[PDB]
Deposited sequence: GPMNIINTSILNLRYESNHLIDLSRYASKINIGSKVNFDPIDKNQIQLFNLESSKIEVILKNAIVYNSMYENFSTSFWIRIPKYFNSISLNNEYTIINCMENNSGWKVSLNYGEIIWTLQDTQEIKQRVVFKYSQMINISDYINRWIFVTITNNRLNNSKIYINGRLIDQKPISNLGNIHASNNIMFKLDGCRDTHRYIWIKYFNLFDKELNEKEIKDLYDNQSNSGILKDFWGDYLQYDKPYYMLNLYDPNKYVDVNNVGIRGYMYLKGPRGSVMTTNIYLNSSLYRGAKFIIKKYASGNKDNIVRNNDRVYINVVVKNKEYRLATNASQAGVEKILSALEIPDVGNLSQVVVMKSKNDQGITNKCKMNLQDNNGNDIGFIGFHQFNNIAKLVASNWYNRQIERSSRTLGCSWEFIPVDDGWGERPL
């Protein structure tokens, strides 16, 4: 479950028994507006819009209202920020988490490609710490994907921002005197000019100390929920949901089928193509290629580590079954899309993987097996003459152990999402 430092955190905002409340010892009151969306699959995931009633207000207990020259403190949360697509967002800093009142306190704000921490004393001495990310990038680790934010403040030296458990930047704050923050914390888009802007946020916490790097890394690992497979955006991977595939070893290709049946094969076709709005973004197109759909071989539709599965593939508006004849000498087993009623004694059961038995994570998601739990190999690809055919290979399985590096079997499942819109190609 949650770490001890979470259980003893001074504000621990979580969904419990049908409501969002504070789990901390302080049990601060939470007021939720009428246009807040809670993800039905994972109600800890909170969506806040550019609308007046889309807000959450925390009424802090007096004991933890920040008023000090010396008390260290930190905040952590995950956020998912939709791609910026309007030029109106270019030079528009908007607050999202506000504890700044009467010229002192702290706030989290966003801007085009930015997450910003602002801290200010009662003399209005101010410091800012920023995380920048680009929208001019082939495949982004940050745009529209869940990222873990941690901000720590040591009153004697620095404020630091971490992203995904890793230090990004730090700025001195030792010149700041008494900081007297707000009695409340307002989660709300404030001053955003993009009327369609929203954020997703989850797992907000406040701590009354400077978290160290080990604690932050541990929080990151714990809150990642690694026993559950994730889609590209970082949401839970689901059964019966169409995903566009992205191979991390060769991102500039998409999955296609030359012909259906055992005489045909699955391969990576290129180029993937780009999407662009001048001065705003330039990225690889994500919504390309033949969709995979994950099929049950628990009633909640969430795909978990070690779940046995079938993979369906959508070709020309019809579903087929990923399968292969593994009885031949070659270690690489070429994958084909079969008519589902015609799969027969072909190998088709896949074990979904997020991590190994020792807890080590790996992006290699699909280990094809026979029907008795015996490995055929992780699904990746292999060049045959000029053609990068989809392949299952035990060579991958041997590589997973020795090294943590990206391999041909490393995949991402990308569902269509409101935070990433593409014009049609």
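Missing C-alpha runs, given along the deposited sequence, first residue counted as 1: Sequence range with no C-alpha atoms is 298-300 alone.
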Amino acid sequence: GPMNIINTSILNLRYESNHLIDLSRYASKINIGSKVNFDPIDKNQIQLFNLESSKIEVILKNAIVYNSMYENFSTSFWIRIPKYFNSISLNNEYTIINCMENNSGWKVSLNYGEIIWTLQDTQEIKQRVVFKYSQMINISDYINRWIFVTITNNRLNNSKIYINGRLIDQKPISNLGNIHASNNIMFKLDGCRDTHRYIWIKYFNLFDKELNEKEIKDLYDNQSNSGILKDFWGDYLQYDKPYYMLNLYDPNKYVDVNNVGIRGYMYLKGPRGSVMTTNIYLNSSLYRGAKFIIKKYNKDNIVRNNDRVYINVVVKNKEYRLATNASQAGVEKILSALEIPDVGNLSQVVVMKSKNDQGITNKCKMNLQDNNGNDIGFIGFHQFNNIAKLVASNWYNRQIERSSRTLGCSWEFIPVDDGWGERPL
From here on, numbers count along this sequence of modelled residues.
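Mean C-alpha B-factor comparison - 197-205 and 103-111, higher one: For C-alpha atoms only, the mean B-factor is higher in 103-111.
151-159 versus 185-193 - which carries the larger mean C-alpha B factor in the record: That would be 151-159.
Member of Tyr66, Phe384, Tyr26, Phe38 with the greatest C-alpha B factor (per the PDB record): Largest recorded C-alpha B-factor: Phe384.
Residue, from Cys364, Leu60, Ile56, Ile46, that the PDB entry assigns the highest Cα B-factor: It is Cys364.
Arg405, C-alpha B-factor rank within chain (lowest, middle or highest third): Its C-alpha B-factor belongs to the highest third of this chain's values.
Position of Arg128 among the chain's modelled residues by C-alpha B-factor, lowest, middle or highest third: Middle third, going by the recorded CA B-factors of the chain.
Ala388 - Cα temperature factor, lowest/middle/highest third of chain: It falls in the top third of the chain.
Where the record places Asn50 (Cα B-factor, split into thirds across the chain): Lowest third.
B-factor third for the C-alpha atom of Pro82 within its chain: Tercile = lowest for this residue's CA B-factor.
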